[PDB]
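Trainee: One structure, pasted below without further comment.
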Amino acid sequence: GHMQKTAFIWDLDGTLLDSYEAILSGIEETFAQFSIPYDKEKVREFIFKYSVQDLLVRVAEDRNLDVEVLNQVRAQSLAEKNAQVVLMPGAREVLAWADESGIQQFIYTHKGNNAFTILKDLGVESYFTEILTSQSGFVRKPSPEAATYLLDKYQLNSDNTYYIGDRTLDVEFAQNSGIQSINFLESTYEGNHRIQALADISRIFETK
């Protein structure tokens, strides 16, 4: 219950967008053009370990093709048309809890002004009081500038703010500013709370 002044930051890549389908379906069409078997399970794993770019290499090189052709074959794809970007089916638990709790949630990414539309569309523009983008102009990484921006904008607290971003780079800028993070992985910071889901975000603040 309770929830003192807590502020929250989400990303816009893969923490709360599961658009990986609408990407990945493009490469299924690439594997098919070379008579390569494609298994979503083998792909979703490898794209989390390595790049797209690496995978096309790691098939062509094995299969007696050339990734130089595969590069072009990955452009002449249909699933970039016949697909769309979801609202990460499960986070509306946390979204609701935090907003009832009055936790000012925000977003930071490099995405374009189309970002704001995606949230409006999918139903969750309210849930992030303010959202930053490519237009914001901030430094690359670590970028504590973007933290201080959101703090001063509504007179929020560094120590009482928490960035959820799924990466070791969640602690770097966080530490440079003096704010906390919540990630699925360990890193060598004191404001770094491991999780496995999204519903563990509430359990942190419910003493578990």
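Quick note on numbering: the sequence shown equals residues -2 to -1, 1 to 206 in the authors' numbering.
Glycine is no exception: its CB is placed at the ideal position from the N, C-alpha and C atoms.
Evaluate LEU148 with the Cβ neighbour count: other Cβ atoms within 10 Å of its Cβ, from every protein chain shown; 16 or more gives buried, anything less gives exposed.
Mentor: buried
Trainee: Counting beta carbon pairs with one atom in the region 2 to 19 and one in the region 92 to 110, are three or more of them shorter than 8 Å?
Mentor: yes
Trainee: Locate the alpha helix (DSSP H) running through residue 207, then write down its first and last residues.
Mentor: Nothing in the structure corresponds to residue 207, since the chain is present only between -2 and 206.
Trainee: Buried or exposed: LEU54, going by 16 or more other Cβ atoms within 10 Å of its Cβ?
Mentor: buried
Trainee: Quick check on the burial criterion: 16 or more other C-beta atoms within 10 angstroms. Buried or exposed for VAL137?
Mentor: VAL137 is exposed by the Cβ-count criterion.
Trainee: From this set, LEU154, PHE182, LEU63, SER156, which residue's C-alpha is nearest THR166's C-alpha?
Mentor: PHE182
Trainee: Using the C-alpha atoms, what's the distance from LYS109 back to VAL57?
Mentor: 30 Å
Trainee: How many Å lie between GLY135 and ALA197 at the Cα?
Mentor: Take the alpha-carbon of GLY135 and the one of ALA197: they are about 32 Å apart.
Trainee: Keeping to the same chain, check which residues put their C-beta closer than 8 Å to that of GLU19; ignore five residues upstream and five downstream.
Mentor: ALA81, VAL84
Trainee: Is it buried or exposed, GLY121, if we count other Cβ atoms within 10 angstroms and call 16 or more buried?
Mentor: exposed
Trainee: Within 10 angstroms of the Cβ of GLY163, are there 16 or more other Cβ atoms? Answer buried if so, exposed if not.
Mentor: With 16 or more other Cβ atoms within 10 Å, it is buried.
Trainee: Hey, could you find the ends of the beta strand (DSSP E) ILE180 is sitting in?
Mentor: 178 to 181
Trainee: Nearest-angstrom Cα distance between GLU143 and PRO87?
Mentor: 31 Å
Trainee: What are the residues that DSSP puts in a beta bridge with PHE104?
Mentor: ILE7, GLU128
Trainee: Which residues does DSSP list as the beta-bridge partners of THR146?
Mentor: Partner(s): none; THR146 has no beta bridge.
Trainee: With DSSP run on the structure shown, which of helix, strand or coil describes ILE45?
Mentor: If DSSP states are grouped into helix, strand and coil, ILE45 belongs with the helices.
Trainee: Look up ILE116 in the DSSP assignment and give the residues it is bridged to.
Mentor: Looking at the DSSP assignment, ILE116 forms no beta bridge with any residue, so it has no partner.
Trainee: Alpha carbons only, please: which of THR205, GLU184, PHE203, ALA195 is nearest the one belonging to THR13?
Mentor: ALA195
Trainee: Is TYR161 near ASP150, with beta carbons less than 8 Å apart?
Mentor: no
Trainee: Taking the continuous alpha helix (DSSP H) assigned at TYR18, which residues delimit it?
Mentor: 18 to 31
Trainee: For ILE202, which option in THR186, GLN178, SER185 has the closest C-alpha, if you only look at C-alpha atoms?
Mentor: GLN178
Trainee: When burial is assigned at 16 or more other CB atoms within 10 Å of the CB, is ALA30 buried or exposed?
Mentor: exposed
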